[PDB]
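What follows is the content of input.txt (compact mmCIF, N, CA and C atoms).
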# COMPACT_ATOMS: atom_id res chain seq x y z
N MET A 36 3.77 -24.22 25.11
CA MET A 36 4.87 -25.08 24.59
C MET A 36 4.68 -25.42 23.10
N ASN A 37 3.69 -24.79 22.46
CA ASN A 37 3.36 -25.07 21.06
C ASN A 37 4.51 -24.67 20.12
N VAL A 38 4.64 -25.38 19.00
CA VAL A 38 5.63 -25.03 17.98
C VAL A 38 5.26 -23.70 17.30
N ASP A 39 5.63 -22.60 17.94
CA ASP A 39 5.28 -21.26 17.45
C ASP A 39 6.13 -20.85 16.24
N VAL A 40 5.48 -20.27 15.24
CA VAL A 40 6.14 -19.84 14.01
C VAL A 40 7.26 -18.83 14.29
N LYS A 41 6.90 -17.67 14.86
CA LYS A 41 7.88 -16.61 15.13
C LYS A 41 9.02 -17.11 16.03
N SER A 42 8.66 -17.92 17.03
CA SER A 42 9.64 -18.56 17.92
C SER A 42 10.68 -19.36 17.12
N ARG A 43 10.22 -20.20 16.20
CA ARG A 43 11.12 -21.02 15.38
C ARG A 43 11.94 -20.16 14.40
N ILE A 44 11.33 -19.10 13.88
CA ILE A 44 12.04 -18.16 12.99
C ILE A 44 13.21 -17.48 13.72
N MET A 45 12.94 -16.96 14.91
CA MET A 45 13.98 -16.33 15.75
C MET A 45 14.99 -17.38 16.23
N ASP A 46 14.49 -18.57 16.55
CA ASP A 46 15.33 -19.70 16.97
C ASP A 46 16.39 -20.02 15.89
N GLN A 47 15.95 -20.05 14.63
CA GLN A 47 16.85 -20.24 13.49
C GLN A 47 17.80 -19.05 13.32
N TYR A 48 17.23 -17.84 13.39
CA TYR A 48 18.00 -16.60 13.25
C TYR A 48 19.14 -16.54 14.28
N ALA A 49 18.89 -17.08 15.48
CA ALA A 49 19.88 -17.10 16.55
C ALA A 49 21.21 -17.76 16.11
N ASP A 50 21.15 -18.58 15.07
CA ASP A 50 22.34 -19.24 14.53
C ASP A 50 23.04 -18.38 13.46
N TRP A 51 22.28 -17.51 12.80
CA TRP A 51 22.79 -16.71 11.68
C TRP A 51 22.89 -15.20 12.01
N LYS A 52 22.76 -14.84 13.28
CA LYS A 52 22.87 -13.44 13.70
C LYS A 52 24.26 -12.86 13.40
N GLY A 53 24.36 -12.05 12.34
CA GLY A 53 25.62 -11.39 12.03
C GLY A 53 26.29 -11.88 10.74
N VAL A 54 25.68 -12.85 10.06
CA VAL A 54 26.22 -13.36 8.79
C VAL A 54 26.03 -12.33 7.66
N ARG A 55 27.06 -12.17 6.82
CA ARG A 55 27.04 -11.19 5.73
C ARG A 55 26.23 -11.69 4.51
N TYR A 56 25.85 -10.76 3.64
CA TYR A 56 25.00 -11.07 2.48
C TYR A 56 25.82 -11.59 1.28
N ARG A 57 25.55 -12.82 0.86
CA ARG A 57 26.19 -13.40 -0.33
C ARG A 57 25.17 -14.18 -1.19
N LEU A 58 25.06 -13.80 -2.46
CA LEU A 58 24.08 -14.41 -3.38
C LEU A 58 24.46 -15.86 -3.76
N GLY A 59 23.61 -16.82 -3.38
CA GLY A 59 23.79 -18.20 -3.81
C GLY A 59 24.67 -19.04 -2.88
N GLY A 60 25.85 -18.52 -2.54
CA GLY A 60 26.77 -19.25 -1.67
C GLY A 60 26.34 -19.26 -0.21
N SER A 61 25.24 -19.95 0.08
CA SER A 61 24.64 -19.95 1.43
C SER A 61 25.51 -20.69 2.46
N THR A 62 26.12 -19.93 3.36
CA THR A 62 26.93 -20.49 4.45
C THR A 62 27.23 -19.42 5.52
N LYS A 63 27.88 -19.81 6.61
CA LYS A 63 28.21 -18.87 7.70
C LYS A 63 29.25 -17.82 7.27
N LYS A 64 29.83 -17.99 6.08
CA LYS A 64 30.75 -17.00 5.51
C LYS A 64 30.02 -16.07 4.52
N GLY A 65 28.69 -16.19 4.46
CA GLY A 65 27.89 -15.36 3.57
C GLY A 65 26.61 -16.06 3.12
N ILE A 66 25.48 -15.35 3.15
CA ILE A 66 24.19 -15.91 2.73
C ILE A 66 23.24 -14.79 2.27
N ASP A 67 22.42 -15.07 1.26
CA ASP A 67 21.52 -14.06 0.70
C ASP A 67 20.10 -14.15 1.29
N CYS A 68 19.19 -13.33 0.75
CA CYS A 68 17.79 -13.31 1.20
C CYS A 68 17.09 -14.65 0.96
N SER A 69 17.20 -15.16 -0.27
CA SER A 69 16.58 -16.44 -0.63
C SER A 69 17.27 -17.62 0.06
N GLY A 70 18.59 -17.51 0.22
CA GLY A 70 19.33 -18.51 0.98
C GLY A 70 18.90 -18.58 2.44
N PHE A 71 18.72 -17.42 3.08
CA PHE A 71 18.31 -17.37 4.49
C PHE A 71 16.89 -17.91 4.69
N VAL A 72 15.94 -17.42 3.90
CA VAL A 72 14.55 -17.90 3.99
C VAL A 72 14.47 -19.40 3.67
N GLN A 73 15.28 -19.84 2.70
CA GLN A 73 15.43 -21.27 2.38
C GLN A 73 15.82 -22.06 3.64
N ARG A 74 16.95 -21.70 4.24
CA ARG A 74 17.45 -22.35 5.45
C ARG A 74 16.38 -22.39 6.55
N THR A 75 15.85 -21.22 6.91
CA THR A 75 14.87 -21.10 7.99
C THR A 75 13.72 -22.12 7.86
N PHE A 76 13.04 -22.12 6.73
CA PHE A 76 11.87 -22.98 6.54
C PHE A 76 12.23 -24.46 6.32
N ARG A 77 13.34 -24.73 5.64
CA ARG A 77 13.71 -26.12 5.31
C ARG A 77 14.06 -26.95 6.56
N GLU A 78 14.75 -26.36 7.53
CA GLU A 78 15.22 -27.11 8.70
C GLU A 78 14.37 -26.87 9.95
N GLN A 79 13.66 -25.74 10.02
CA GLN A 79 12.74 -25.48 11.14
C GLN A 79 11.35 -26.05 10.87
N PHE A 80 10.68 -25.55 9.84
CA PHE A 80 9.31 -25.98 9.52
C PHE A 80 9.29 -27.21 8.60
N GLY A 81 10.42 -27.48 7.94
CA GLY A 81 10.49 -28.61 7.02
C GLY A 81 9.75 -28.34 5.71
N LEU A 82 9.95 -27.15 5.15
CA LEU A 82 9.27 -26.75 3.91
C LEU A 82 10.23 -26.77 2.71
N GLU A 83 9.75 -27.30 1.58
CA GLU A 83 10.58 -27.43 0.37
C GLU A 83 10.73 -26.09 -0.37
N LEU A 84 11.74 -25.31 0.00
CA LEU A 84 12.01 -24.02 -0.66
C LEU A 84 13.20 -24.12 -1.64
N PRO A 85 13.08 -23.49 -2.83
CA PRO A 85 14.17 -23.44 -3.83
C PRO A 85 15.31 -22.46 -3.46
N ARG A 86 16.11 -22.07 -4.46
CA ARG A 86 17.33 -21.27 -4.23
C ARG A 86 17.19 -19.77 -4.55
N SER A 87 16.36 -19.40 -5.53
CA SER A 87 16.26 -17.99 -5.95
C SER A 87 14.88 -17.38 -5.66
N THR A 88 14.87 -16.07 -5.38
CA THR A 88 13.64 -15.33 -5.02
C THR A 88 12.52 -15.51 -6.05
N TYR A 89 12.88 -15.44 -7.33
CA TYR A 89 11.91 -15.60 -8.42
C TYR A 89 11.18 -16.95 -8.32
N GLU A 90 11.86 -17.95 -7.77
CA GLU A 90 11.25 -19.26 -7.53
C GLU A 90 10.44 -19.24 -6.22
N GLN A 91 11.03 -18.63 -5.18
CA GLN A 91 10.40 -18.53 -3.85
C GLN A 91 9.00 -17.90 -3.92
N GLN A 92 8.88 -16.79 -4.65
CA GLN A 92 7.62 -16.04 -4.73
C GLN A 92 6.49 -16.88 -5.34
N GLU A 93 6.83 -17.90 -6.12
CA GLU A 93 5.82 -18.74 -6.77
C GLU A 93 5.47 -19.97 -5.92
N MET A 94 6.07 -20.08 -4.73
CA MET A 94 5.75 -21.17 -3.80
C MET A 94 4.53 -20.82 -2.93
N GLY A 95 4.15 -19.54 -2.92
CA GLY A 95 3.02 -19.10 -2.12
C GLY A 95 2.18 -18.02 -2.81
N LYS A 96 0.89 -17.95 -2.47
CA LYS A 96 -0.02 -16.96 -3.07
C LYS A 96 0.08 -15.61 -2.35
N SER A 97 -0.18 -14.53 -3.08
CA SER A 97 0.00 -13.17 -2.56
C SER A 97 -1.12 -12.74 -1.60
N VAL A 98 -0.82 -11.75 -0.77
CA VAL A 98 -1.80 -11.15 0.16
C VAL A 98 -1.56 -9.64 0.35
N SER A 99 -2.47 -9.00 1.07
CA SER A 99 -2.37 -7.56 1.37
C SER A 99 -2.10 -7.32 2.86
N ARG A 100 -1.99 -6.04 3.25
CA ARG A 100 -1.72 -5.65 4.64
C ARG A 100 -2.67 -6.34 5.64
N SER A 101 -3.90 -6.57 5.20
CA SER A 101 -4.95 -7.17 6.05
C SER A 101 -4.78 -8.68 6.23
N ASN A 102 -4.21 -9.34 5.23
CA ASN A 102 -4.11 -10.81 5.21
C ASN A 102 -2.67 -11.30 5.41
N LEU A 103 -1.81 -10.45 5.97
CA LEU A 103 -0.42 -10.83 6.26
C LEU A 103 -0.35 -11.98 7.27
N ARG A 104 0.49 -12.97 7.00
CA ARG A 104 0.62 -14.14 7.88
C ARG A 104 1.96 -14.13 8.64
N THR A 105 1.98 -14.68 9.86
CA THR A 105 3.25 -14.83 10.59
C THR A 105 4.12 -15.89 9.91
N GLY A 106 5.22 -15.45 9.31
CA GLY A 106 6.05 -16.34 8.49
C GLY A 106 5.79 -16.16 7.00
N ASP A 107 5.12 -15.06 6.65
CA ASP A 107 4.82 -14.73 5.25
C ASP A 107 6.07 -14.19 4.54
N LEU A 108 6.14 -14.37 3.22
CA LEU A 108 7.30 -13.90 2.45
C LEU A 108 7.00 -12.57 1.74
N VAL A 109 7.60 -11.50 2.24
CA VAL A 109 7.36 -10.16 1.70
C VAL A 109 8.44 -9.76 0.66
N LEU A 110 7.98 -9.41 -0.54
CA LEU A 110 8.86 -9.08 -1.66
C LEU A 110 9.19 -7.58 -1.72
N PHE A 111 10.46 -7.26 -1.94
CA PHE A 111 10.91 -5.87 -1.99
C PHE A 111 11.55 -5.52 -3.35
N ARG A 112 11.28 -4.30 -3.82
CA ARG A 112 11.87 -3.79 -5.06
C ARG A 112 13.36 -3.46 -4.86
N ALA A 113 14.24 -4.39 -5.24
CA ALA A 113 15.68 -4.19 -5.09
C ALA A 113 16.42 -4.42 -6.41
N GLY A 114 16.89 -3.35 -7.03
CA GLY A 114 17.55 -3.44 -8.34
C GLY A 114 18.74 -4.40 -8.36
N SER A 115 19.40 -4.56 -7.21
CA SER A 115 20.59 -5.43 -7.10
C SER A 115 20.26 -6.90 -7.43
N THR A 116 19.04 -7.33 -7.10
CA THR A 116 18.62 -8.73 -7.33
C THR A 116 17.27 -8.81 -8.06
N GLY A 117 16.68 -7.66 -8.36
CA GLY A 117 15.34 -7.63 -8.94
C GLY A 117 14.25 -7.87 -7.89
N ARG A 118 14.34 -9.01 -7.21
CA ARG A 118 13.40 -9.37 -6.15
C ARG A 118 14.14 -9.72 -4.84
N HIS A 119 13.89 -8.94 -3.79
CA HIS A 119 14.38 -9.27 -2.45
C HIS A 119 13.23 -9.85 -1.61
N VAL A 120 13.54 -10.71 -0.64
CA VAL A 120 12.50 -11.35 0.17
C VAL A 120 12.87 -11.39 1.67
N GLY A 121 11.89 -11.10 2.52
CA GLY A 121 12.10 -11.15 3.96
C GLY A 121 11.00 -11.92 4.68
N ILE A 122 11.34 -12.49 5.84
CA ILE A 122 10.39 -13.29 6.62
C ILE A 122 9.57 -12.41 7.58
N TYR A 123 8.32 -12.14 7.20
CA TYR A 123 7.42 -11.29 8.00
C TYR A 123 7.12 -11.92 9.37
N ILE A 124 7.54 -11.25 10.45
CA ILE A 124 7.33 -11.78 11.80
C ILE A 124 6.17 -11.08 12.54
N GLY A 125 5.89 -9.82 12.21
CA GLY A 125 4.77 -9.12 12.86
C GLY A 125 4.67 -7.63 12.55
N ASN A 126 3.45 -7.17 12.26
CA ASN A 126 3.13 -5.76 12.05
C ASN A 126 3.82 -5.21 10.80
N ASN A 127 5.09 -4.84 10.96
CA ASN A 127 5.89 -4.30 9.86
C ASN A 127 7.34 -4.81 9.92
N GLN A 128 7.66 -5.58 10.96
CA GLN A 128 9.02 -6.08 11.16
C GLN A 128 9.20 -7.47 10.53
N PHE A 129 10.39 -7.70 9.99
CA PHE A 129 10.71 -8.94 9.28
C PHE A 129 12.21 -9.25 9.35
N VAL A 130 12.57 -10.53 9.41
CA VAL A 130 13.97 -10.94 9.46
C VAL A 130 14.46 -11.38 8.07
N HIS A 131 15.63 -10.89 7.67
CA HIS A 131 16.18 -11.18 6.34
C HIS A 131 17.68 -10.89 6.29
N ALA A 132 18.28 -11.14 5.13
CA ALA A 132 19.70 -10.85 4.92
C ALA A 132 19.89 -9.50 4.19
N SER A 133 20.41 -8.51 4.90
CA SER A 133 20.67 -7.18 4.32
C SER A 133 22.05 -7.14 3.64
N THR A 134 22.11 -6.46 2.49
CA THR A 134 23.33 -6.43 1.65
C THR A 134 24.61 -6.13 2.44
N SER A 135 24.61 -5.04 3.20
CA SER A 135 25.80 -4.59 3.93
C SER A 135 25.87 -5.19 5.35
N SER A 136 24.99 -4.72 6.24
CA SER A 136 25.01 -5.11 7.66
C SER A 136 24.85 -6.63 7.86
N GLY A 137 24.21 -7.30 6.91
CA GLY A 137 24.01 -8.75 7.02
C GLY A 137 22.60 -9.13 7.48
N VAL A 138 22.45 -10.35 8.00
CA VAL A 138 21.14 -10.85 8.43
C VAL A 138 20.61 -10.09 9.66
N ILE A 139 19.57 -9.27 9.44
CA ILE A 139 18.98 -8.45 10.51
C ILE A 139 17.45 -8.44 10.45
N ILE A 140 16.82 -7.73 11.39
CA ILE A 140 15.37 -7.56 11.42
C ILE A 140 14.99 -6.11 11.07
N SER A 141 14.39 -5.90 9.90
CA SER A 141 14.04 -4.55 9.43
C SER A 141 12.54 -4.25 9.62
N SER A 142 12.15 -3.00 9.37
CA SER A 142 10.75 -2.57 9.55
C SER A 142 10.22 -1.81 8.32
N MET A 143 8.97 -2.09 7.95
CA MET A 143 8.33 -1.43 6.81
C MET A 143 8.03 0.06 7.10
N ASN A 144 8.23 0.48 8.35
CA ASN A 144 8.08 1.90 8.70
C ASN A 144 9.30 2.70 8.24
N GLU A 145 10.41 2.01 7.99
CA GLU A 145 11.62 2.63 7.46
C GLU A 145 11.41 3.01 5.98
N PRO A 146 11.62 4.29 5.62
CA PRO A 146 11.29 4.82 4.28
C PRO A 146 11.82 3.96 3.11
N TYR A 147 13.02 3.41 3.27
CA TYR A 147 13.63 2.58 2.22
C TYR A 147 12.80 1.31 1.96
N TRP A 148 12.39 0.64 3.04
CA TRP A 148 11.62 -0.62 2.93
C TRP A 148 10.14 -0.35 2.66
N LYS A 149 9.66 0.80 3.12
CA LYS A 149 8.26 1.21 2.94
C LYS A 149 7.92 1.36 1.45
N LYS A 150 8.83 1.96 0.68
CA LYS A 150 8.66 2.08 -0.78
C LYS A 150 9.11 0.80 -1.51
N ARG A 151 9.96 0.02 -0.85
CA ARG A 151 10.44 -1.26 -1.40
C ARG A 151 9.33 -2.33 -1.39
N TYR A 152 8.53 -2.36 -0.32
CA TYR A 152 7.47 -3.36 -0.15
C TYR A 152 6.50 -3.39 -1.34
N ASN A 153 6.64 -4.40 -2.18
CA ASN A 153 5.77 -4.57 -3.35
C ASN A 153 4.51 -5.38 -2.99
N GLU A 154 4.71 -6.54 -2.38
CA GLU A 154 3.61 -7.44 -2.01
C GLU A 154 4.09 -8.54 -1.04
N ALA A 155 3.14 -9.31 -0.50
CA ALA A 155 3.46 -10.43 0.40
C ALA A 155 2.92 -11.75 -0.16
N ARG A 156 3.53 -12.88 0.21
CA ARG A 156 3.13 -14.20 -0.30
C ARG A 156 3.35 -15.31 0.74
N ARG A 157 2.27 -15.98 1.13
CA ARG A 157 2.34 -17.03 2.16
C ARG A 157 2.69 -18.40 1.55
N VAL A 158 3.91 -18.88 1.82
CA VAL A 158 4.33 -20.21 1.38
C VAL A 158 3.90 -21.30 2.37
N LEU A 159 3.49 -20.89 3.57
CA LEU A 159 2.99 -21.82 4.60
C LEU A 159 1.50 -22.10 4.41
N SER A 160 1.12 -23.38 4.42
CA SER A 160 -0.29 -23.77 4.35
C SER A 160 -0.98 -23.59 5.70
N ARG A 161 -1.91 -22.63 5.77
CA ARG A 161 -2.63 -22.33 7.01
C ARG A 161 -3.54 -23.49 7.44
N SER A 162 -4.03 -24.26 6.47
CA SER A 162 -4.93 -25.39 6.75
C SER A 162 -4.15 -26.68 7.01
N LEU A 163 -4.59 -27.46 8.00
CA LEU A 163 -3.94 -28.74 8.34
C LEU A 163 -4.98 -29.85 8.55
N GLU A 164 -4.56 -31.10 8.35
CA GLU A 164 -5.46 -32.26 8.45
C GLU A 164 -5.24 -33.06 9.74

Would you mind writing the file out in structure tokens?
Amino acid sequence: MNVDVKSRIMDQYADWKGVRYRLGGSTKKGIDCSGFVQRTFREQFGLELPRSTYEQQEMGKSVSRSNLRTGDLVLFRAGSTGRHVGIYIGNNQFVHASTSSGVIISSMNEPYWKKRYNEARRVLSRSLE
């Protein structure tokens, strides 16, 4: 019955399943990558996330394939926004807002995202008091 990270991420996603991609104007009529990750953490985990990816990436320190965290923020090389971000849920799969299809769960095994994956950054503090 523990407050599981992936559980809460999917729990939040259950509300935004099918929403289209819109930069900045975060709502059920459209939401972007930074908008979606913002929403997820702000109302589920209660984390203070900003509005743009360039700000998001500086909220957490970077890691490699070995140090990936559940709920980690993975940055992708996307010319449309410069920096795209997705919520790493496990192995290579992550939930985010895709430009066309909308908010979905993609995989780093897919050639497009495999070359897109630049680095990962944990905005969640693993240590607690």

Applying 8 Å and all atoms listed in the file, which residues near segment 104-115 of chain A remain after dropping the ones on its own chain fewer than 2 positions away? List them as a PyMOL selection string.
chain A and resi 40-41+44+91-92+95+98-102+117-126+148+150-159

Please save N, CA and C atoms of the selected residues as a CSV table (one decimal), in the frame of the given file.
chain,number,residue,atom,x,y,z
A,40,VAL,N,5.5,-20.3,15.2
A,40,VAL,CA,6.1,-19.8,14.0
A,40,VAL,C,7.3,-18.8,14.3
A,41,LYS,N,6.9,-17.7,14.9
A,41,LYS,CA,7.9,-16.6,15.1
A,41,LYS,C,9.0,-17.1,16.0
A,44,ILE,N,11.3,-19.1,13.9
A,44,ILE,CA,12.0,-18.2,13.0
A,44,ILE,C,13.2,-17.5,13.7
A,91,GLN,N,11.0,-18.6,-5.2
A,91,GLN,CA,10.4,-18.5,-3.8
A,91,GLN,C,9.0,-17.9,-3.9
A,92,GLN,N,8.9,-16.8,-4.6
A,92,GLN,CA,7.6,-16.0,-4.7
A,92,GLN,C,6.5,-16.9,-5.3
A,95,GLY,N,4.2,-19.5,-2.9
A,95,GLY,CA,3.0,-19.1,-2.1
A,95,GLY,C,2.2,-18.0,-2.8
A,98,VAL,N,-0.8,-11.8,-0.8
A,98,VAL,CA,-1.8,-11.2,0.2
A,98,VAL,C,-1.6,-9.6,0.4
A,99,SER,N,-2.5,-9.0,1.1
A,99,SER,CA,-2.4,-7.6,1.4
A,99,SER,C,-2.1,-7.3,2.9
A,100,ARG,N,-2.0,-6.0,3.2
A,100,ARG,CA,-1.7,-5.6,4.6
A,100,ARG,C,-2.7,-6.3,5.6
A,101,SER,N,-3.9,-6.6,5.2
A,101,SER,CA,-5.0,-7.2,6.0
A,101,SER,C,-4.8,-8.7,6.2
A,102,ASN,N,-4.2,-9.3,5.2
A,102,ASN,CA,-4.1,-10.8,5.2
A,102,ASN,C,-2.7,-11.3,5.4
A,117,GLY,N,16.7,-7.7,-8.4
A,117,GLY,CA,15.3,-7.6,-8.9
A,117,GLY,C,14.2,-7.9,-7.9
A,118,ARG,N,14.3,-9.0,-7.2
A,118,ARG,CA,13.4,-9.4,-6.2
A,118,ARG,C,14.1,-9.7,-4.8
A,119,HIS,N,13.9,-8.9,-3.8
A,119,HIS,CA,14.4,-9.3,-2.4
A,119,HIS,C,13.2,-9.8,-1.6
A,120,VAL,N,13.5,-10.7,-0.6
A,120,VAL,CA,12.5,-11.4,0.2
A,120,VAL,C,12.9,-11.4,1.7
A,121,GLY,N,11.9,-11.1,2.5
A,121,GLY,CA,12.1,-11.2,4.0
A,121,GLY,C,11.0,-11.9,4.7
A,122,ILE,N,11.3,-12.5,5.8
A,122,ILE,CA,10.4,-13.3,6.6
A,122,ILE,C,9.6,-12.4,7.6
A,123,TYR,N,8.3,-12.1,7.2
A,123,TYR,CA,7.4,-11.3,8.0
A,123,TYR,C,7.1,-11.9,9.4
A,124,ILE,N,7.5,-11.2,10.4
A,124,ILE,CA,7.3,-11.8,11.8
A,124,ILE,C,6.2,-11.1,12.5
A,125,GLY,N,5.9,-9.8,12.2
A,125,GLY,CA,4.8,-9.1,12.9
A,125,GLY,C,4.7,-7.6,12.6
A,126,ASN,N,3.4,-7.2,12.3
A,126,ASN,CA,3.1,-5.8,12.0
A,126,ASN,C,3.8,-5.2,10.8
A,148,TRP,N,12.4,0.6,3.0
A,148,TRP,CA,11.6,-0.6,2.9
A,148,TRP,C,10.1,-0.4,2.7
A,150,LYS,N,8.8,2.0,0.7
A,150,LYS,CA,8.7,2.1,-0.8
A,150,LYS,C,9.1,0.8,-1.5
A,151,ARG,N,10.0,0.0,-0.8
A,151,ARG,CA,10.4,-1.3,-1.4
A,151,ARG,C,9.3,-2.3,-1.4
A,152,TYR,N,8.5,-2.4,-0.3
A,152,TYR,CA,7.5,-3.4,-0.2
A,152,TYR,C,6.5,-3.4,-1.3
A,153,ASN,N,6.6,-4.4,-2.2
A,153,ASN,CA,5.8,-4.6,-3.4
A,153,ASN,C,4.5,-5.4,-3.0
A,154,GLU,N,4.7,-6.5,-2.4
A,154,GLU,CA,3.6,-7.4,-2.0
A,154,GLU,C,4.1,-8.5,-1.0
A,155,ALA,N,3.1,-9.3,-0.5
A,155,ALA,CA,3.5,-10.4,0.4
A,155,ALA,C,2.9,-11.8,-0.2
A,156,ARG,N,3.5,-12.9,0.2
A,156,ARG,CA,3.1,-14.2,-0.3
A,156,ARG,C,3.4,-15.3,0.7
A,157,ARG,N,2.3,-16.0,1.1
A,157,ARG,CA,2.3,-17.0,2.2
A,157,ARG,C,2.7,-18.4,1.6
A,158,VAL,N,3.9,-18.9,1.8
A,158,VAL,CA,4.3,-20.2,1.4
A,158,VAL,C,3.9,-21.3,2.4
A,159,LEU,N,3.5,-20.9,3.6
A,159,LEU,CA,3.0,-21.8,4.6
A,159,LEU,C,1.5,-22.1,4.4

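Secondary structure of segment 50-122 of chain A, helix (DSSP H, G or I) only (DSSP, backbone atoms): residues 50, 51, 68, 69, 70, 71, 72, 73, 74, 75, 76, 77, 78, 79, 80, 88, 89, 90, 91, 92, 93, 94, 100, 101 and 102 of chain A.
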
Report the residues of segment 63-125 of chain A whose backbone DSSP state falls under strand (DSSP E), written as a PyMOL selection string.
chain A and resi 96-98+107-113+117-125

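Counting only C-alpha atoms and comparing A:58, A:79, A:64, A:73, the residue that lies closest to residue 42 of chain A is A:79.
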
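Going from atom C of residue 63 of chain A over to atom C of residue 51 of chain A, you cover 8.4 Å.
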
How far is it from atom N of residue 162 of chain A to atom N of residue 84 of chain A, in Å with one decimal?
17.1 Å

Straight-line distance linking atom N of residue 160 of chain A with atom N of residue 81 of chain A, stated in Å to one decimal:
10.8 Å

Do you know which residues are at most 6.5 Å from residue 59 of chain A counting all atoms listed in the file, after dropping those on the same chain fewer than 4 positions away, and could you put them as a list in words?
residues 66, 67 and 70 of chain A

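Nearest to residue 139 of chain A of all the residues A:60, A:71, A:53, A:38 is A:53, counting only N, CA and C atoms.
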
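With only C-alpha atoms as the atoms that count, the residue of A:97, A:142, A:69, A:163 with the shortest distance to residue 85 of chain A is A:69.
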
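Minimum atom-to-atom distance to residue 72 of chain A, evaluated using all atoms listed in the file, belongs to A:130 out of A:130, A:49, A:54, A:103.
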
From A:161, A:141, A:135, A:80, residue lying nearest residue 56 of chain A [all atoms listed in the file]:
A:135

Incomplete segment 87-98 of chain A filled out to N, CA, C and O atoms as a CSV table (one decimal), in the coordinates of the input:
chain,number,residue,atom,x,y,z
A,87,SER,N,16.4,-19.4,-5.5
A,87,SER,CA,16.3,-18.0,-6.0
A,87,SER,C,14.9,-17.4,-5.7
A,87,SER,O,13.9,-18.1,-5.7
A,88,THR,N,14.9,-16.1,-5.4
A,88,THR,CA,13.6,-15.3,-5.0
A,88,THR,C,12.5,-15.5,-6.0
A,88,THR,O,11.4,-15.7,-5.7
A,89,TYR,N,12.9,-15.4,-7.3
A,89,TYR,CA,11.9,-15.6,-8.4
A,89,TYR,C,11.2,-17.0,-8.3
A,89,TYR,O,10.0,-17.1,-8.7
A,90,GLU,N,11.9,-18.0,-7.8
A,90,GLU,CA,11.2,-19.3,-7.5
A,90,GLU,C,10.4,-19.2,-6.2
A,90,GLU,O,9.3,-19.8,-6.1
A,91,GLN,N,11.0,-18.6,-5.2
A,91,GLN,CA,10.4,-18.5,-3.8
A,91,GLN,C,9.0,-17.9,-3.9
A,91,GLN,O,8.0,-18.4,-3.3
A,92,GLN,N,8.9,-16.8,-4.6
A,92,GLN,CA,7.6,-16.0,-4.7
A,92,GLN,C,6.5,-16.9,-5.3
A,92,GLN,O,5.3,-16.6,-5.1
A,93,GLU,N,6.8,-17.9,-6.1
A,93,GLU,CA,5.8,-18.7,-6.8
A,93,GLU,C,5.5,-20.0,-5.9
A,93,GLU,O,4.7,-20.8,-6.3
A,94,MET,N,6.1,-20.1,-4.7
A,94,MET,CA,5.8,-21.2,-3.8
A,94,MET,C,4.5,-20.8,-2.9
A,94,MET,O,3.9,-21.7,-2.3
A,95,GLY,N,4.2,-19.5,-2.9
A,95,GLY,CA,3.0,-19.1,-2.1
A,95,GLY,C,2.2,-18.0,-2.8
A,95,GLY,O,2.7,-17.3,-3.6
A,96,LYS,N,0.9,-18.0,-2.5
A,96,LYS,CA,0.0,-17.0,-3.1
A,96,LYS,C,0.1,-15.6,-2.4
A,96,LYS,O,0.4,-15.5,-1.1
A,97,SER,N,-0.2,-14.5,-3.1
A,97,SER,CA,0.0,-13.2,-2.6
A,97,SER,C,-1.1,-12.7,-1.6
A,97,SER,O,-2.2,-13.3,-1.6
A,98,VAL,N,-0.8,-11.8,-0.8
A,98,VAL,CA,-1.8,-11.2,0.2
A,98,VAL,C,-1.6,-9.6,0.4
A,98,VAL,O,-0.6,-9.1,-0.2
